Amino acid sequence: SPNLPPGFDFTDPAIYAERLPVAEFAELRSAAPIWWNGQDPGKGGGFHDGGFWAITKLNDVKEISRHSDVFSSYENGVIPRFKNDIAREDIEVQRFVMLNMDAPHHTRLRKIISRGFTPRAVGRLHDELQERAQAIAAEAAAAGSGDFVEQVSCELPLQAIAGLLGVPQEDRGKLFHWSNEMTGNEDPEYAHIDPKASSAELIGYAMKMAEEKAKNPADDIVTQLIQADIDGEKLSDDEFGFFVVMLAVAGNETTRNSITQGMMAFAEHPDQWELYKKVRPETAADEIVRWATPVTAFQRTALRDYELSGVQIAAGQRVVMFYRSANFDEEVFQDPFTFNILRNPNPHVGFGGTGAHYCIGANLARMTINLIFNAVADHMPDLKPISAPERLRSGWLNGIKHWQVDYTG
């Protein structure tokens, strides 16, 4: 057996509020790459089936992610942990967003929404995001010190979402408020947030925006999404509203935490930080994502019996892909535990395994990371941390709530 405590759960929020279970992930990769992770009664993060299969190897993650005909996202959602007492109804509302849909409903939705993540559309965000990144850094440096997460990591990913959706300036304040109130409620610091409230307001704003853009068409990404194409396909108003609700999560706390941990990695590896400031290599973004793995894990449900790397997975059983483990697989990376911002190629699964659900925002994310870290180098090159970062209590998100930091040194 793999050497692990009894009653160990890799989706336990208690661990991730403290640390990442890196030694435990390494143990499984070596001794039990696919491992039944049982869960005590009542302690199933919202799922009362007794446990799941841990998936720790990159190739195993990639097999599951491409075989979405077997490994469903609809059946139980992809989030592997909620509050233990969460109602089944609240899990199943996730199916209203593309992420938790299967083919063919996902296939139709992904093809329409692809019209918003063309390389061309993302490039029109470059200039506005670059200028904001620069001012965010200058504003942060001028403060001398403070919470790096709030002052450097927080704002720009939200600007990318708002700029992509063309949200007018005056509306961005409440849009950021709602977007930031969607996850993390298992952490004591956010016990009082109601995601369903903010989501219903997000959908209302998103649907009103889509009604208005129909009446007054433009050359935005919104109007391309709600008016029909060759096949007569388009998002109806509520579907656009579920698209916005998804964007408010999928591209917010993820890029946020990659910026933070990416800076956390440059503190720990001064060699890489000195190198970065000199060459500003855009390969850093991928290494920063591999290092940060903002989504520790996503799950699937096997719709039929399936044999994966010599392990019989039974219909209805859950498999949880631990991207945190896959991104440090010794069989795929030379030195996984070397932060190397020049690593090329870099086949990390930070954006998920390739397949139907592979992150549509991967290139926007990489651009956001590259702009903000260029701005950090321009305005805050001698960044020194004050105190140790404060981790987020979450079973699937690898979050940093706060990080006290001096920008002058």
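Heads up: residue numbers just count along the shown sequence, starting at 1.
As listed in the deposited structure, the average C-alpha B-factor of 124-132 and of 80-88 is greater for 124-132. For the pair 374-382 and 344-352, the record assigns the higher mean C-alpha temperature factor to 374-382. Sorting 213, 300, 290, 106 by the CA temperature factor given in the entry leaves 213 at the top. Set against one another, the Cα B-factors of 238, 75, 139, 282 in the record reach their highest point at 139. Among all modelled residues in this chain, the alpha-carbon of residue 26 has a temperature factor (C-alpha) in the middle third. Among all modelled residues in its chain, residue 192 ranks in the highest third by Cα B-factor. Ranked by C-alpha B-factor against the other modelled residues of its chain, residue 20 falls in the lowest third. Among the modelled residues of the chain, residue 148 sits in the highest third by CA temperature factor in this PDB entry. Per the PDB record, residue ranking by Cα B-factor puts residue 181 in the highest third of the chain.
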